[PDB]
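Protein chains in written order, with this note's numbering: chain A, 285 to 553; chain B, 539 to 1066; chain C, 5 to 527; chain D, 102 to 201; chain E, 356 to 744; chain F, 451 to 549; chain G, 39 to 88. Note sheet for the following structure.
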Amino acid sequence: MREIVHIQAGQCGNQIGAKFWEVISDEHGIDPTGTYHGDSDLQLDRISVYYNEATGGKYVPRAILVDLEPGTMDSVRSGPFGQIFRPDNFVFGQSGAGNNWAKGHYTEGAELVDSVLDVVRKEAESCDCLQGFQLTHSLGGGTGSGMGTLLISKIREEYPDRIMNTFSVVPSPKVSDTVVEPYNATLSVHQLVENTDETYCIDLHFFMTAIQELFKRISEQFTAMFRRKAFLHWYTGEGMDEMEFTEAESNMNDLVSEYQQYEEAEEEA
Amino acid sequence: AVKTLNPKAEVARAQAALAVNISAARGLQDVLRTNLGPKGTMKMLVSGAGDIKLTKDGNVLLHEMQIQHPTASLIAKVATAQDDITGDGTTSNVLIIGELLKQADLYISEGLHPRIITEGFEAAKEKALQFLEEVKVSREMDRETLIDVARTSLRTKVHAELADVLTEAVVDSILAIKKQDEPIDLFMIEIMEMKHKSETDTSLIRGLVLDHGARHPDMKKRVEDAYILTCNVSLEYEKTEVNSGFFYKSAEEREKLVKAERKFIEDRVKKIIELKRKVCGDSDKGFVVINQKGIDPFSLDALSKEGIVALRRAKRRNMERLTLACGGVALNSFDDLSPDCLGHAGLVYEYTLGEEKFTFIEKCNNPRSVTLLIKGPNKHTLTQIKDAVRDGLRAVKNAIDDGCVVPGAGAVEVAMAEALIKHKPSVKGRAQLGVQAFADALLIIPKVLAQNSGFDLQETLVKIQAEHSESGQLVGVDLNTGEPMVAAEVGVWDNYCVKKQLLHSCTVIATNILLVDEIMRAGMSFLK
Amino acid sequence: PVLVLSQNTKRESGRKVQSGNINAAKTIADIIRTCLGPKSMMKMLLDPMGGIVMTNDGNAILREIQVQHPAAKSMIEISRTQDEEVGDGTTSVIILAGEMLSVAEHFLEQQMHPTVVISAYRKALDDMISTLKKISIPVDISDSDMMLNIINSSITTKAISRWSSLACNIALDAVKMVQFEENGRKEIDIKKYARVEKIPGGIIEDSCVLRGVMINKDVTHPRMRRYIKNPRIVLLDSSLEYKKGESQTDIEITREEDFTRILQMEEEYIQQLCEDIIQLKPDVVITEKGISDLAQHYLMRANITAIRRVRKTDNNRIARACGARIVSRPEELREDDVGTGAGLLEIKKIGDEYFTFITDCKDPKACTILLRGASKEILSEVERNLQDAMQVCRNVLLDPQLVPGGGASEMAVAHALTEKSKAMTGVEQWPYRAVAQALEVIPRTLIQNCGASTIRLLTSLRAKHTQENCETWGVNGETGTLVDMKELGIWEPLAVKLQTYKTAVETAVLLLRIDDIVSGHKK
Amino acid sequence: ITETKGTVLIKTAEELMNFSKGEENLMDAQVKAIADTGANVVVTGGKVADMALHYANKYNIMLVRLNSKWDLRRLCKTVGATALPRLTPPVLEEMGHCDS
Amino acid sequence: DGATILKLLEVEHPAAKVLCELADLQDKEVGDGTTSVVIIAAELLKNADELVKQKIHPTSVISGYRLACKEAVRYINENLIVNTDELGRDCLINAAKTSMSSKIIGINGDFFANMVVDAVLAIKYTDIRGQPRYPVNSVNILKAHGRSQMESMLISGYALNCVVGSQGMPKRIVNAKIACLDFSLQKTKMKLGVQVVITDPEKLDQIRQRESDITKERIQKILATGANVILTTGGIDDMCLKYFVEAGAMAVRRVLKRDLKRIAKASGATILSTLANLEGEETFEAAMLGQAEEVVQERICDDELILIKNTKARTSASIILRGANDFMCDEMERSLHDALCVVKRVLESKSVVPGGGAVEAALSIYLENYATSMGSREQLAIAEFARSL
Amino acid sequence: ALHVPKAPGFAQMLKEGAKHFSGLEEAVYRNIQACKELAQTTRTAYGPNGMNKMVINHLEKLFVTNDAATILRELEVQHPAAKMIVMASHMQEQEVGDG
Amino acid sequence: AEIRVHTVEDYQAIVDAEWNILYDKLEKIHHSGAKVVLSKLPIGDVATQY
Ligand SMILES: Nc1ncnc2c1ncn2[C@@H]1O[C@H](COP(=O)(O)OP(=O)(O)O)[C@@H](O)[C@H]1O
Ligand SMILES: Nc1ncnc2c1ncn2[C@@H]1O[C@H](COP(=O)(O)OP(=O)(O)O)[C@@H](O)[C@H]1O
Ligand SMILES: [Mg+2]
Ligand SMILES: [Mg+2]
Ligand SMILES: [Mg+2]
Ligand SMILES: [Mg+2]
């Protein structure tokens, strides 16, 4: 009955996604071994929207875990409620983007993404009929944002008539945890404008002022960084150009305008 | 200088910069030299998760050993840029660079500028390439020749009982999909692996294998003659793009709206049924529907009453393999349905292996996209075989795209060694030291082969070089007796493009390394 | 209790700062001075991500270094001012600035006010410009064999010099194609339309300049053709699918046929759009947005080829090489915006990856540069050298003037100022000859870097310029002897020299006007 | 119920009184239609309704619920029946015959 | 300069913050002498401590200080020079060049002095014929590193820090018709209180088509009068950038409001925020456009900009600064602002006084013999004012 | 006292925490030892006179079984050489089922 | 559910329709001769006073 799947990307996305499954497994009474020992009928009428049953009574989830670093996969595997995930749904790399949005988008994100679409197909084959996707990523680190931006773009293309919701995180208001955080954020918002149906930010379809403060501070740092053209050769040298960044700030200014709040020569006219 | 500006910097001046690049280049070669030839030893690779990977190919090994060095990263990227172009020659790439830097250090340590050696590499690289043009032999590349070329590249990554089986499946597959014109296009040979039975059951199927079957329990499992309908249309319940909503009344109008929302999708099913009933009036043929989009349980009950085996959510690449194989047209809409757009197969049967389901398409009229079926009892065995299959397919496409083949067994590295000696006096200046050092690095392929078989490294070279002065025959090294053997009349063959790219690559990297002045790390510690 | 006045602000002043600013500038020059001349060695860096930047460029080295001293930060910035202005000369501007700033402390320790040295430096800069414009020699643009010698003398120092016969024809055939005049008398050579594509593999001798554009894309449907002879391409910007609006629209349905009637209009909308394109008879359709699955069905019926999701910048260069303009609404489609300037469209495979080639153009105004080599590190240094070769060529067309290189120009201006300072009087004479004698560092680094006696070759060159006609005599950077530059053939554009002398004097002027540092105030 | 978001629209007082009685009388015919075919035992795999349970007891019918999907398919082979995706009376070939 | 050093420093002693706010007052009222006034103010306190530490009451010092300040202003008006007696164009170059000393552009004063005077006379506003008015901060000062500081040029018009929207538009228009706008040319949409409810599926296509047709008609009303350049403070949709392509027109988006005010004033155009008129329809007459004579998009050190030259309605100026790096250019702008305010005060107040310490040395003499006629405890206070100057 | 340094080459470029076992006395003779220990654990449950085994996994679930494959499934193994012997036994369970 | 009335005369008839639905159920129970009634679902106060 309109079954939905989940995709978890990056270091931040895995940590939150691992705890997200906690609130559903215990609410429906799913044992850590995968069995079922619940005692209610309301825990079974909707068990198929999030879990795929197996032979003998095993209920496996519908999540795909992708990352460019293999060291973040075994943390979920050995943690609580980590045995129930499908062994084939783990997709890992060997290099890592290293807070590089563009390295995880074209030069090295172009190989592992082909290893993710083949996985989302076999899961979507088993379901009766699906209605949408759920993806979780970040906006500061280039490992997740660059890979997620490509991943979120290659999902909409094959499924142009399916909804898709995101639970992205946003950078800290005053402090910044990375030097190039404004660079990694402006290039990712404009790709979520016409490719998403509902987005959420956790600290005209943006939910959580009227979000106007978040976009105002990002473009202030970005403009100051771009005026001096600082740390720009890291992105242009791998396949970008100057005009690509111009479209990011021009589009970013348009969204602020849609979010509206509501000289010494004045003699004749 | 830099230490005064940034105290947290690491620098390596004067000759300390050349001592780091030489030391690490020789460190990667003492591990990569045991993988050369059919007598190399297998390696075990264990990651942090606990998986097991037994590999012998130099590209897979380099990207799995825990190595953190700046100058060991340059060599790693050179090998990657060879695997995706030529697909062979990743172990011989590391050995030559590691030895070319070793020979050039004997003259730098004697008080000689590294630029003088650089000019010698350029002259030696131009003579070696002019010598290779006259060694290659241009042949027709019939079936019997492609058996020998493919076997040389498969006998080093499996045993003899498997390479004799995998050679026939690779040579046959390339020939079946090759036309009289146009380059050979890959991505048309699906590599399917099933974890069952033994590894000697790896066969070639003249058709397609799909990793999914039918999702209804009332569908046929064996059709002896079928029409293949490849489509990319959606039979799932879909909703209007603009936000709509029903506004009904007393409970009779709710029933008039539930079956009025299924008309748009039940019209597409009724177009297929009339097409099936037209071309197959008598219950003697089948009708298989392969879709790229989903199918509702409602539409799996309408099609299963007429015996229409239907599969959903196929991969996008299979919309092109199924037209060349069968011969239909992959259509997007149903407004122009006609019998001319249907394929033809000869046997479609279902295979269930535990919890997974497979579908076989066989007996095609004139197939142009064959599939390879891999079988093995272990997870790492299916990965070891899949590496050899990739290696053997690029060794046959290279042999066809270039109408020339170079003999192997190291018989050609000896030949540049003798040619460059007589060219040494013709070069003026101190640059004769570059040619002498270049002729010493090329002789590492015979040395490693002679050392890995358990012979003497020096007593074998003098025997090989005792020939080729007294008889103009490309004599190589035997790997069972150590006697000089002629490589052109036994079956040992290499690729002309593999040796040509290797000479070009191994000289550019080792020329920039020798000119490095210092290794400076003055930037930020981490991007934070 | 604990009372303060300036909140732990660190203040320093006096002569201590002036000696601290000069020694911070001389250290920057000490890092770079070994990367000048054809015998220059190579460095590698280590960026915070993990890569390696191995290069000879003077700006690609100083821009990766993090230095905390404020006086050193000014020497990093003037490196990229030269880079963005002329392209060449990022190393000579740092060595020269250090020497012009080292010879100043000799006067500051002799009880001389820093404002006296400023007037001497600015006075001598107006005499350097007049002397350089006297020995300038004009060049002829229509001469093609001369334009190959200018570029060859600029890449004879980088790692491309082994293939100088190849990179000379790559950077010349690209600038001559970009040059274009749209309206009025505005002549522009913009390097945004010279796309450089790097592909690992092959050999460097396969690097060529195509007559069109190369895209990394493929055909949407496999049944589409992959080889068209004379295509009529139409470029789009809108998406060929049904989308939503923005005016808060909702639908209320109460009958039985209103649900399927709504779904039927989404297919009639797509057919209306497609029939507005097939009317003009294209061959290939290029769009910057997505294409639906139904819209592809109506385009294989008319034998039309479509490419989905092309970048904005890649979709701008196509209009400059085939001849067309970007249309958003397919209803306003005319005949003047159909591209009939191409002659080929094939899709190949380069190492398990499809590539789109649009070549054989009638009169293209945009091109692409295809580089092949060994690794991603090697191809990165080729791109930095080619961007240096085209910026030299662009400067010649905007200012056809040349001056002798190799060190002949530095002695020519050094001679002119030493004979002009003996007619002046006062206390301004001594800082007037230090500025002239500081220019001899350019031909002095060319002797040390090759290996030779810098105390016998320098005095044999100074006495060589005493004659009346010797303004072109320089030092050979490969052997170590004095040769005439009329036969060797080393030349450089006038725009490069004027920017190296002007930037260096102002850096010396700016850093000679500081006498205290106020460190730390939290914005 | 429809999968799209649908709602009733009552604009007169007369249509408000007849709505509750309309739904109940509609359900009586659907349950009685199955009861006329002799189907003594109805096995479902979803959620049972309170009003639908009342009419099941009225005609002496047995209602069993199995929410395990594959366990339902195993029953279809044992008795020789077919799973109906729609709430319509089976005709002749979708009636499984047991012995007790 | 004293206004920028003291403003950036963190000071928290209450007796010191008064001097910091005092400097910020001088920069606004006058614009020059921000470091000369702090030295006098702090010296006056120091000379007053020696008196208060003795048995001199603090109210006797304050009374004496107010008397000395009053008579020191009357004497200055005896020491006045009226510029009109000397050469008008030699009493402004010298007065502007004096403010240029003690800056980075000290040696280049004879070049920068002509530029400043030629930039103030161009924006001389005409009053009701009571007094000429010379507004400042009306010239645009643009920084761009590059060639030497002797390469700075004075533009006879206006300069914009903006770029053209799409690459298909022309970048050089000889006879341009400026049409300044103050509203976005995007697709129309309904307001918050207006929704669209559809009960008949057939009336859907016409409604969707009318969202992209309302903006099409508005642009056609503008281009029919002969408009060549369109300047908008808001944003322009990419669909609306195509109508300027075949029309051979330029469109610049996201232009500042302070810049549009000066462009409209200097060319005669009218800034309109809507197309409505005194009736219910929307029209666009041809009597409210601008007229320039060369609108060329020049390129300066990689990035580009748009010049507007030879405006016929009025005269306008703008200054482009060329330096070595970003630190050098930011000090040429601040030292050029101090020079523009010096010239404005001389033209407005036709009176100058000699510089180089000739006034304080003259005032310390007149105040010394003036205090000899008091004969009270105010004698000591006035004598301290003479020594403090 | 003095300290023995690290041999130049591959040993100096290894990441921390990794190990390298090369040769015949360090890799082959140690792999046989791990596999010989595995045979002595499951041998007691052979034939009619076999004995049961009490195995408790990390979920505190108790297994009293005599199958050879079930014992290996509930035992974690951290030796790579002993892991192939386990996967060789699990393949016969899916093909034959006994043995 | 949703009610969309246009005139105040139909507004008053709706309010009387809910009070007539409830009173119809209670009358049917009382006519049957029952004296004790039980129910899993809650019983409101209006039914208690009935
Ligand atoms: N059967 C054989 N006998 C002798 N030499 C061989 C044989 N097979 C391969 N070789 C030689 O071994 C060399 C290296 O092969 P191998 O190590 O398998 O792959 P790579 O070429 O990637 O190193 C080749 O140059 C080839 O000439
Ligand atoms: N063959 C040569 N002989 C002598 N000097 C040369 C030669 N080639 C280049 N030069 C000198 O090298 C200097 C430039 O060196 P380089 O570091 O490559 O570029 P730049 O320093 O201008 O960025 C020029 O002044 C030129 O005179
Ligand atoms: Mg091989
Ligand atoms: Mg240079
Ligand atoms: Mg002043
Ligand atoms: Mg048994």
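For every residue, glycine included, the Cβ atom is placed at its ideal position computed from N, Cα and C.
Residue closest to residue i, alpha-carbon to alpha-carbon, out of the options
i, options, result
"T485/C", "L516/C, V513/C and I451/C", "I451/C"
"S242/C", "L9/C, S332/C and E350/C", "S332/C"
"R493/F", "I521/F, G467/F and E475/F", "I521/F"
"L509/E", "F467/E, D693/E, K544/E and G523/E", "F467/E"
"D756/B", "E799/B, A848/B and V709/B", "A848/B"
"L79/G", "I135/D, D151/D and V144/D", "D151/D"
"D643/B", "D978/B, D878/B and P835/B", "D978/B"
"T319/A", "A302/A, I300/A and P345/A", "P345/A"
"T542/B", "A76/C, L515/C and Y505/C", "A76/C"
"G301/A", "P371/A, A347/A and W518/A", "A347/A"
Test item: CB-CB of residue i and residue j under 8 Å
i, j, result
"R230/C", "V223/C", "yes"
"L298/C", "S871/B", "yes"
"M489/C", "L1053/B", "no"
"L497/E", "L363/E", "no"
"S673/E", "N495/E", "yes"
Rounded Cβ spacing between residue i and residue j (contact assumed at less than 8 Å)
i, j, result
"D210/C", "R376/C", "5 Å"
"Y489/E", "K699/E", "5 Å"
Burial state of residue i, where buried means 16 or more other Cβ atoms lie within 10 Å
i, result
"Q292/A", "buried"
"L442/E", "exposed"
"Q567/B", "buried"
Should the stretch 607-619 of chain B be called in touch with the stretch 1011-1024 of chain B, which here means at least 3 C-beta pairs below 8 Å?
Look at the beta carbons and you see the stretch 607-619 of chain B not touching the stretch 1011-1024 of chain B: under three pairs across the two are nearer than 8 Å.
Below 8 Å, can you find three or more Cβ-Cβ pairs linking the stretch 502-516 of chain A to the stretch 464-475 of chain A?
Short answer: they touch.
Taking 8 Å as the threshold, find out whether the stretch 458-466 of chain E comes into contact with the stretch 528-542 of chain A through three or more Cβ pairs.
Short answer: they don't touch.
The stretch 631-647 of chain B / the stretch 989-1003 of chain B touching (three or more Cβ pairs under 8 Å)
The stretch 989-1003 of chain B and the stretch 631-647 of chain B do not touch, with fewer than three beta-carbon pairs separated by less than 8 Å.
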